[PDB]
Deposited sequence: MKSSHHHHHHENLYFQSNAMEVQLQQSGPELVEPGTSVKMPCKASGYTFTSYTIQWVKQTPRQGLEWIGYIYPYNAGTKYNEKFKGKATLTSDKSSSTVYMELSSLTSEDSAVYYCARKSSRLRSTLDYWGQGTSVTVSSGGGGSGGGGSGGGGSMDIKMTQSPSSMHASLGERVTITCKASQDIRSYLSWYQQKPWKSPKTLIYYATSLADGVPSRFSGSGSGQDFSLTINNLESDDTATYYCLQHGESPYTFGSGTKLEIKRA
């Protein structure tokens, strides 16, 4: 039902500007904020900012102010992000994802991604890479920098696909996620546990905190199966 359509790859000359849409459908457009995430292989996922279509309110990351500017179009149910003065360190995949105004809620639905190429609290994931069989138990830790009151989420990203939400509020299962995945912990120590594995469970797992104004993702954990 909920879909967040985006545009295709954008080849762009350095020094110019690019604007991409985040047309949304299947839900009340004004009741959910639209957050924007950039992903580079150098530094993984990074949070740019969000726009609240209800009152056109925005909030940007400290390091992304000026570079990015967010606008909303309530008539067409579309949200744009504009990047100005495109530097060489701007070639990445930009994801727009939906998030409710509730402090407990997280990024539940994402866009397929827009590949743009130009011609605080640190969250530490202890296992950088892991290997396991088809019926084993694995566990990922997301040791935090400061105290976040259970405001942590877990995402699963298949290769060249948008992330999928598994856990929110550090313990609650997402919509449609099987009971195999189970999160735990509060404060500064968090954990993700996958009960019995499959060939499908091969992906990279991220942990995101939204307890304070700049949202920070985890380093990532590439999981190998057999």
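Gaps without C-alpha coordinates occur at 1 to 20, 140 to 156, 264 to 265, with positions taken along the deposited sequence from 1.
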